[PDB]
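J.: Have a look at this one.
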Amino acid sequence: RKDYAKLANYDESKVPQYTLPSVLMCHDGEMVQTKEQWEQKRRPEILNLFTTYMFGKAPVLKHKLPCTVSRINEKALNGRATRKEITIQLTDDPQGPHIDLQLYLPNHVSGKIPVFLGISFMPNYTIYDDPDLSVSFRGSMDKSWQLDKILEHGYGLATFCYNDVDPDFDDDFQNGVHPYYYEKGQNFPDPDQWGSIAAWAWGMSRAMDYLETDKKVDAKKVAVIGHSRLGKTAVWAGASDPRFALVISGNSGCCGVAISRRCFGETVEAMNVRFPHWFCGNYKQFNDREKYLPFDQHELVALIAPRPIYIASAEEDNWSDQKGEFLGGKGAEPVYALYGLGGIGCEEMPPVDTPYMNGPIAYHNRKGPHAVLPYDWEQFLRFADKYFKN
Amino acid sequence: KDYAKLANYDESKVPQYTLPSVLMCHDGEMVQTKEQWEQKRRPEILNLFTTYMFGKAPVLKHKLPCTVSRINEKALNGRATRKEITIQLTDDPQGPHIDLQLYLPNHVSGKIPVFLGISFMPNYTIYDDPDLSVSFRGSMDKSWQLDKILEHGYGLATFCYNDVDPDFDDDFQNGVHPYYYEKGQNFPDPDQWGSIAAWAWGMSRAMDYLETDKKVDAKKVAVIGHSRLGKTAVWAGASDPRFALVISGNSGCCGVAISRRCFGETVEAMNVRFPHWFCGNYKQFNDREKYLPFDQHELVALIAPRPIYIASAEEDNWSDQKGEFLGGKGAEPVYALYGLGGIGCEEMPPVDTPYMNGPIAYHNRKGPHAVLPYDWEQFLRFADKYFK
Ligand SMILES: O=C(O)[C@H]1O[C@@H](O)[C@H](O)[C@@H](O)[C@H]1O
């Protein structure tokens with residue numbers, strides 16, 4: 001039951017030499033130098049590699065799942081906001097698992113409204129100290145959602161607790177949604193089928209299915225966001241569902257946007273051993289075999305192109321590998337160029353509290369711990385404004 | 001990391017496990033007819049071994065050039081013919097090739113059954129045959145017993161596995177693997193052949209010759225291998241149904257031994273000490289035998305209804321002798337679809353007590369991890385029942 005935190009390299013001068021797999025080079029050798037070759041041949045190859053070998057295939061539905069608007073409050077924050085609560089039935093079982101989506105929209109705004117779709121560690125009461133909710137404690141996670149700031153910009157926020165989809169604990173997938181999608185002769189996901197992170201991501205796509213039917217939400221302006229293991233999830237939700245307009249990776253780190261081949265802080269083995277439920281079976285083959293990965297996480301960031309992404313790091317989060325987060329963005333730059341979009345705007349990793357967001361890939365590494373703080377939201381909304389407003 | 005110190009050899013300490021049901025299809029259908037087995041269940045299981053354990057080998061639209069580069073009808077002082085077939089493994093003739101050595105017994109009525117062996121060493125080690133030259137001539141004789149095979153009216157074909165792919169982790173830069181990549185590929189895909197898949201494919205190229213031979217009974221070629229080449233011999237038998245009988249010499253871990261027993265050698269011990277043996281995908285089952293979508297009783301089931309002999313050795317605790325027997329035991333429900341019996345006992349037999357009156361033979365013999373004369377006595381008694 002090893003503690004991988006002690007065994008990990010954090011010494012930049014002891015990172016092994018490595019070659020990144022070429023994002024632009026198709027499996028048959030053909031290089032991409034056109035968005036059309038990208039969209040038609042290469043992006044599908046990479047999308048297939050990540051689905052087969054890392055996240056795993058989630059169920060594809062023939063119809064949108066049943067959902068209800070079970071409560072509406074049009075005067076939710078002394079009239080500043082409409083709060084809706086939407087129950088999304090994930091299975092054929094009405095007594096089975098549901099998303100309890102909580103949507104805040106600002107009042108006194110005329111258009112359709114851009115929305116942050118976030119996924120939370122804790123129930124919806126923890127997002128805002130909202131005096132029309134009951135019971136951590138009410139608004140205990142406000143720092144990490146900054147709903148006042150989101151409302152100030154004329155955007156909304158929709159969140160649900162990831163536990164709603166799949167409990168985050170290694171119960172060999174007898175709980176959550178997995179078992180409801182097994183075949184009659186299957187007690188476990190196949191090696192190429194979804195683990196937990198893919199289930200949570202699929203979760204966000206079922207939330208987006210509701211959102212595009214909400215008259216007040218701008219379906220063309222939905223940002224996905226999540227922190228840490230839910231960072232990983234948000235980036236996959238963005239990669240695997242192109243309806244999301246903008247993707248926010250909050251210290252996603254290892255198997256997020258960090259480059260695995262650096263073997264800095266958290267590694268694939270640390271990851272799969274501690275969290276066997278997170279990724280598909282296929283992915284456990286890469287435990288301390290990073291060099292044999294058919295891809296690296298720069299290719300995951302490449303699946304967001306041309307759409308914008310904000311990669312945020314924390315100065316104290318060496319576990320997440322802040323330089324490797326930066327280099328995962330750097331590595332996607334060649335694909336954004338096919339679309340005539342610039343890069344991050346700097347060659348080497350910038351110093352602390354130095355945001356770059358003038359390109360389609362934004363980056364900062366902020367002072368303090370592994371978290372989403374007001375600082376982070378400050379930059380996220382500045383970046384969102386560039387796309388969601390004129 | 002040493003794996004010798006982590007090995008359980010204590011039968012009382014073997015963990016709880018469920019064998020994955022060999023007769024339950026992925027979609028739920030229970031197999032109770034050999035038709036459902038052949039049309040549905042077997043294809044599913046073969047695909048799982050191919051994709052997740054051994055790795056997909058190239059399928060060829062037509063055979064490769066073979067050439068009989070020397071015969072001698074009077075070999076071993078008249079007793080046998082010796083043939084030397086070269087076998088191209090590629091379009092390129094300067095590419096890798098198999099040096100196939102075949103001995104056929106002189107003056108026998110009818111086409112001859114052949115044991116297709118794959119050997120650790122070059123062919124001159126199989127017998128002290130003066131017509132050869134030079135791990136010296138005759139070294140492996142003890143493990144091949146040509147005299148006894150000839151005496152039975154059977155011959156013996158052998159090539160050294162080094163001909164097809166070297167036994168060491170070179171990232172598949174040597175051997176056959178490079179000659180089948182596609183532009184933009186330095187390395188097999190995770191679902192593609194490693195060295196056991198290549199060595200097994202090797203024995204398929206050897207059979208591709210053996211059938212064309214006019215003195216060979218191509219409906220009566222056995223496959224035999226010891227140890228890592230015993231794991232190869234089973235996969236050969238499973239992924240090429242032309243072979244008539246399969247001989248597992250101490251195949252052990254990722255041969256016929258039940259992976260879920262974690263007795264002696266484990267999957268992690270194997271993939272970590274021999275990264276090149278199995279496909280990339282198989283490395284995902286390190287310390288995760290609970291989560292294999294199969295176990296080795298299903299690999300044995302791919303032989304059915306063709307017979308198979310599982311030989312264990314008493315000192316070879318590493319191979320898990322009881323789990324080898326239980327790989328056989330667990331196949332019996334598929335052989336039963338073909339109105340065939342099982343091994344013939346419930347508990348693992350005592351030492352030097354062969355059971356070979358069903359389509360699955362088992363013996364645990366005295367002494368070390370090896371192929372010994374005793375083993376061949378029993379392999380030939382078994383072959384006699386299907387080959388006379
Ligand atoms: O004897 C040998 O060299 C090999 O035998 C095999 O059956 C076993 O899987 C290997 O670990 C090694 O023991």
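A note on labels: chains of the structure tokens are A, B, ... as shown, every chain counts residues from 1, and ligands are counted from 1 in their shown order.
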Pull out every residue of chain B that has at least one atom within 10 Å of chain A, counting only C-alpha atoms, and report them as an MDAnalysis selection string.
T.: chainID B and resid 20:21 24:30 52 171 181:185 187:190 271 279:288 291:293
J.: Can you list, as a PyMOL selection string, every residue of range 190-317 of chain B that DSSP puts in strand (DSSP E)?
T.: chain B and resi 216-226+245-249+308-313
J.: Excluding residue 180 in chain B and any residue of its chain fewer than 2 positions from it, enumerate the residues within 9 Å of it, using only C-alpha atoms, and give them as a PyMOL selection string.
T.: chain B and resi 58+90+176-178+182
J.: So that I can see what lies close to residue 181 in chain A, please list as JSON, numbers by chain the residues with an atom at most 8 Å from it, counting only C-alpha atoms and leaving out residues fewer than 3 positions away in the same chain.
T.: {"A": [59, 177, 178]}
J.: Those selected residues, please, written with C-alpha atoms and delivered as a PDB file, in the first residue's frame.
T.:
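The file below, out37.pdb, is the result:
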ATOM      1  CA  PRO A  59     -22.888   4.456 -23.393  1.00  0.00           C
ATOM      2  CA  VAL A 177     -24.416   3.981 -13.422  1.00  0.00           C
ATOM      3  CA  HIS A 178     -21.910   1.277 -14.674  1.00  0.00           C
TER       4      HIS A 178
END
J.: Counting only C-alpha atoms and all ligand atoms, what residues are within 7 Å of ligand 1, given as an mmCIF file with N, CA, C and O atoms, in the first residue's frame?
T.:
data_model
loop_
_atom_site.group_PDB
_atom_site.id
_atom_site.type_symbol
_atom_site.label_atom_id
_atom_site.label_comp_id
_atom_site.auth_asym_id
_atom_site.auth_seq_id
_atom_site.Cartn_x
_atom_site.Cartn_y
_atom_site.Cartn_z
ATOM 1 N N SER B 227 7.898 -25.045 -21.162
ATOM 2 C CA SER B 227 8.125 -23.775 -20.429
ATOM 3 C C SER B 227 7.496 -22.612 -21.222
ATOM 4 O O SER B 227 6.283 -22.681 -21.513
ATOM 5 N N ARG B 228 8.265 -21.581 -21.565
ATOM 6 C CA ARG B 228 7.796 -20.429 -22.377
ATOM 7 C C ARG B 228 7.334 -20.924 -23.747
ATOM 8 O O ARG B 228 6.432 -20.298 -24.337
ATOM 9 N N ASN B 250 5.002 -28.112 -18.839
ATOM 10 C CA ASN B 250 5.254 -27.173 -17.713
ATOM 11 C C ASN B 250 4.981 -25.730 -18.157
ATOM 12 O O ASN B 250 5.748 -24.856 -17.764
ATOM 13 N N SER B 251 3.948 -25.503 -18.966
ATOM 14 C CA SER B 251 3.601 -24.166 -19.498
ATOM 15 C C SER B 251 3.440 -23.198 -18.318
ATOM 16 O O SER B 251 3.959 -22.080 -18.391
ATOM 17 N N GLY B 252 2.768 -23.633 -17.259
ATOM 18 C CA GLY B 252 2.635 -22.854 -16.018
ATOM 19 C C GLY B 252 1.907 -21.536 -16.217
ATOM 20 O O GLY B 252 0.831 -21.527 -16.903
ATOM 21 N N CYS B 253 2.447 -20.470 -15.599
ATOM 22 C CA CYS B 253 1.816 -19.124 -15.517
ATOM 23 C C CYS B 253 1.566 -18.580 -16.930
ATOM 24 O O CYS B 253 2.521 -18.549 -17.722
ATOM 25 N N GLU B 265 4.418 -18.196 -9.750
ATOM 26 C CA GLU B 265 4.583 -17.073 -10.687
ATOM 27 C C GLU B 265 3.213 -16.445 -10.852
ATOM 28 O O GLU B 265 2.232 -17.224 -10.941
ATOM 29 N N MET B 270 5.647 -12.163 -14.488
ATOM 30 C CA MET B 270 5.849 -12.487 -15.926
ATOM 31 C C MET B 270 6.078 -11.220 -16.773
ATOM 32 O O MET B 270 7.166 -11.112 -17.355
ATOM 33 N N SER B 319 5.463 -22.880 -11.290
ATOM 34 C CA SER B 319 4.518 -23.096 -12.419
ATOM 35 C C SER B 319 3.093 -23.316 -11.896
ATOM 36 O O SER B 319 2.145 -23.288 -12.726
#
J.: Please identify all polymer residues within 10 Å of range 4-13 of chain A, counting only C-alpha atoms, omitting same-chain residues fewer than 2 positions from it, and present them as a ChimeraX atom specification.
T.: /A:1-2,15-16,262-267,269-271,273-274,318-319,321,323
J.: Dump C-alpha atoms for the selected residues as a compact mmCIF listing (two decimals), in the first residue's frame?
T.:
# COMPACT_ATOMS: atom_id res chain seq x y z
CA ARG A 1 0.00 0.00 0.00
CA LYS A 2 2.93 2.38 -1.02
CA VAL A 15 13.31 14.55 -15.51
CA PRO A 16 14.24 11.80 -18.09
CA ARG A 262 8.18 13.89 -17.53
CA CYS A 263 7.45 11.35 -14.68
CA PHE A 264 7.33 14.47 -12.40
CA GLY A 265 5.27 14.27 -9.17
CA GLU A 266 2.24 12.07 -9.82
CA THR A 267 2.90 9.28 -12.39
CA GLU A 269 1.29 4.03 -11.71
CA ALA A 270 0.74 6.31 -8.64
CA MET A 271 -2.61 7.18 -10.36
CA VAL A 273 -2.73 2.03 -8.08
CA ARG A 274 -4.43 4.66 -5.80
CA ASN A 318 4.31 20.02 -7.60
CA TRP A 319 2.35 16.69 -7.47
CA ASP A 321 3.56 19.04 -12.36
CA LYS A 323 5.61 22.83 -15.99
J.: Considering only C-alpha atoms, return as a count of residues only whatever protein or nucleic-acid residues lie within 12 Å of residue 13 in chain B, sequence-local ones (same chain, fewer than 4 positions apart) excluded.
T.: 7
J.: Would you mind reading off the distance between CA of residue 139 in chain A and CA of residue 162 in chain A, one decimal, in Å?
T.: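 These atoms are spaced 17.3 Å apart.
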